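Below: one structure, written as structure tokens.
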2 protein chains.
Amino acid sequence: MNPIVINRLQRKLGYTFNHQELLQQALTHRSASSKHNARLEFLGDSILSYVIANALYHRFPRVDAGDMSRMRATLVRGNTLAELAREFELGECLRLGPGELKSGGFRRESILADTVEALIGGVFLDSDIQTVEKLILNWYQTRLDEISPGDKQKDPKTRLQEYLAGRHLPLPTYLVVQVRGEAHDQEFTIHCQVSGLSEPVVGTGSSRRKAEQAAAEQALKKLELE
Amino acid sequence: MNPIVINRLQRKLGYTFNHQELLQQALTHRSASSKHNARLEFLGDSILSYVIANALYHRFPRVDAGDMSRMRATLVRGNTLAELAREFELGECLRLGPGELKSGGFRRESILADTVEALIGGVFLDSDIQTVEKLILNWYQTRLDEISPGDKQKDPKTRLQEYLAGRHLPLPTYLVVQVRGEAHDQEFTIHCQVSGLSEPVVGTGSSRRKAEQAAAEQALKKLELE
RNA sequence: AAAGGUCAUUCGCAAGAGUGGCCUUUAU
RNA sequence: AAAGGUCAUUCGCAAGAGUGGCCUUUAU
Ligand SMILES: [Cl-]
Ligand SMILES: [Cl-]
Ligand SMILES: [Cl-]
Ligand SMILES: [Cl-]
Ligand SMILES: [Cl-]
Ligand SMILES: [Cl-]
Ligand SMILES: [Cl-]
Ligand SMILES: [K+]
Ligand SMILES: [K+]
Ligand SMILES: [Mg+2]
Ligand SMILES: [Mg+2]
Ligand SMILES: [Mg+2]
Ligand SMILES: [Mg+2]
Ligand SMILES: [Mg+2]
Ligand SMILES: [Mg+2]
């Protein structure tokens with residue numbers, strides 16, 4: 001790995017590795033080598049879940065376990081990890097196989113998010129739980145300072161079905177009416193039928209559930225609930 | 001709290017609380033008080049999954065993240081926590097409401113398993129991460145020394161469907177043929193129809209998926225696969 | 001958090017290593 | 001890991017606090 005890139009990353013992360021081989025392995029995707037970051041990712045995911053649980057427990061003494069669960073999901077889900085990866089410019093540091101280099105793997109959300117978790121595993125093994133907890137809390141400071149509990153942490157599909165279920169109304173139906181693209185790069189169009197609306201609401205996305213979420217968001221607005 | 005009970009538990013756990021009020025809250029089920037252990041359970045669950053991940057990562061350097069994930073599930077699932085709760089005789093320390101005391105709540109697996117997680121949260125808040133990690137590793141020493149990776153950690157339903165899918169055979173049909181008892185205390189009977197087997201295989205349990213697992217277990221044996 | 005199947009797809013003579021969509025199963 | 005609905009059910013005059021089965025949704 002090129003030390004020009006690795007030294008910049010260590011500066012941005014706030015952590016200089018004693019064992020550079022741990023950092024190299026954390027940055028190595030399985031397309032590049034049989035010695036890759038998948039075990040580190042498993043370990044780092046578990047550290048992250050604990051650090052964020054502890055942070056929410058202390059920051060929000062009056063909220064119940066449901067609130068903390070939804071807040072933690074917002075913070076540790078793949079989309080948020082990918083955001084952090086882009087903030088660290090992590091794509092420049094990934095060790096990828098040739099197939100990935102030629103297909104945009106350095107921008108691939110799943111690989112970026114996995115590598116954030118693997119870096120946490122690596123920093124932990126290079127130091128200790130106290131050190132990596134402080135590092136994660138630094139990375140998350142702005143998000144933890146801005147997050148708030150309540151139904152704003154509930155996704156649109158959840159909010160819509162609870163709105164309907166609480167009024168003994170039928171659950172919405174979601175139907176794929178159109179798929180455009182090739183089997184590996186699709187755009188879905190969903191039509192959502194909702195009790196009380198005369199027309200289906202439309203949502204689009206690169207997966208069916210992303211399109212359903214977009215459709216549920218539209219239904220909530222058309223129902224004048226938000 | 002009654003010192004006789006508290007003193008025995010602390011000897012069993014291997015840990016004496018500095019703040020007894022944390023211990024009381026950890027032992028308090030929501031049937032008993034509005035100040036109960038649910039937030040502590042959320043926190044303790046996250047600590048336990050980190051501690052076990054770290055232990056498996058170090059004890060099994062050659063296994064992949066799939067092996068570690070299944071092994072962790074075996075160790076942290078509700079049935080294992082309830083086992084530990086029985087070993088700590090936790091039922092005797094639970095603080096329950098009158099409805100629970102009169103319906104056997106001190107034996108309810110969900111409540112017992114939750115309280116193990118809540119106590120982990122409480123020890124953590126009473127000390128620090130390194131202390132609670134040491135304690136959990138003491139509690140799990142015999143289980144960690146005995147556990148082994150491989151297909152043995154896959155449940156019967158998973159094993160059966162992978163056998164059939166890998167041979168492009170139909171997945172099993174799990175038919176509920178009988179549900180005996182009241183709606184809150186039932187026995188399910190499942191008939192599982194498996195390609196290659198003459199007659200359906202029978203499973204029973206207190207939940208439909210428990211009955212399905214029992215039937216899958218029988219189907220694997222009759223297929224002479226195990 | 002993982003598993004399996006399937007359709008497609010990047011690299012590769014291949015061997016083989018990946019990625020996306022969909023389905024099924026398990027744990028938290 | 002949590003949420004909601006439902007069918008039962010423990011305690012309770014009730015208010016209210018639980019528990020089990022089933023379904024739906026979300027995250028890991
Ligand atoms: Cl620079
Ligand atoms: Cl609060
Ligand atoms: Cl942040
Ligand atoms: Cl679809
Ligand atoms: Cl090993
Ligand atoms: Cl007990
Ligand atoms: Cl059923
Ligand atoms: K696939
Ligand atoms: K229920
Ligand atoms: Mg994760
Ligand atoms: Mg992960
Ligand atoms: Mg748990
Ligand atoms: Mg729990
Ligand atoms: Mg994963
Ligand atoms: Mg739970």
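Note: hydrogens, waters and symmetry copies are ignored here, and every other heavy atom, side chains too, is used. Chain letters run A, B, ... following the sequence lines, proteins first and then strands; every chain starts at 1.
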**Asked** Which residue lies toward the 5' end of RNA chain C, B:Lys157 or B:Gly166, if each is placed at its nearest nucleotide?
**Response** B:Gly166
**Message:** If you assign each of B:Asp45 and A:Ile111 to its closest nucleotide in RNA chain C, which residue comes earlier from the 5' end?
**Reply:** A:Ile111
**Prompt:** So which nucleotide does D:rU9 pair with, by the Watson-Crick or G-U wobble rule with both distances under 3.5 Å?
**Reply:** D:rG18
**Complete:** As its Watson-Crick or G-U partner within any shown strand, both distances under 3.5 Å, C:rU24 has C:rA3
Classify the nucleic acid contact of [X] as base, sugar-phosphate or nothing, counting any heavy atom under 4.0 Å across all strands shown.
{"X": "B:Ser206", "value": "sugar-phosphate"}
{"X": "A:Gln186", "value": "sugar-phosphate"}
{"X": "B:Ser33", "value": "nothing"}
{"X": "B:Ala183", "value": "base"}
{"X": "B:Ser110", "value": "sugar-phosphate"}
{"X": "A:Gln213", "value": "sugar-phosphate"}
{"X": "B:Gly78", "value": "sugar-phosphate"}
{"X": "A:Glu41", "value": "sugar-phosphate"}
{"X": "B:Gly66", "value": "sugar-phosphate"}
{"X": "A:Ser49", "value": "nothing"}

Considering only atom [atom1], compute the distance from [N] to [M] and round it to an integer number of Å.
{"N": "D:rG21", "M": "C:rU26", "atom1": "P", "answer": "15 Å"}
{"N": "D:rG5", "M": "D:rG12", "atom1": "P", "answer": "26 Å"}
{"N": "C:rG4", "M": "C:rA27", "atom1": "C1'", "answer": "16 Å"}
{"N": "D:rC23", "M": "C:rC22", "atom1": "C1'", "answer": "23 Å"}
{"N": "C:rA8", "M": "C:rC13", "atom1": "P", "answer": "22 Å"}
{"N": "C:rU24", "M": "D:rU24", "atom1": "P", "answer": "10 Å"}

**Asked** Any side-chain heavy atom of B:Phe124 within less than 4.5 Å of one from A:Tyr57?
**Response** no
Might you confirm whether atom [atom1] of [X] has over 12 heavy atoms from other residues, nucleotides or ligands at distances under 6.0 Å?
{"X": "A:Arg59", "atom1": "CZ", "value": "yes"}
{"X": "A:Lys152", "atom1": "NZ", "value": "yes"}
{"X": "B:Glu109", "atom1": "CD", "value": "no"}
{"X": "A:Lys222", "atom1": "NZ", "value": "no"}

**Asked** How do B:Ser103 and B:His29 order along RNA chain D: which one's closest nucleotide is nearer the 5' end?
**Response** B:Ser103
**Fill in**
Contacts of A:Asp67 and A:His168 projected onto RNA chain D by closest heavy atom; the upstream (5') one is A:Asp67
So, are [X] and [Y] salt-bridged, with charged N and O less than 4.0 Å apart?
{"X": "B:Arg143", "Y": "B:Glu87", "result": "yes"}
{"X": "A:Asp151", "Y": "A:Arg70", "result": "no"}
{"X": "B:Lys221", "Y": "B:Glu226", "result": "no"}

**Prompt:** Can C:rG12 and C:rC13 be counted as stacked under the 5.5 Å centre and 30° plane limits?
**Reply:** no
**Outermost RNA chain D nucleotides near chain A [under 4.0 Å, heavy atoms]** = D:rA1 to D:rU28
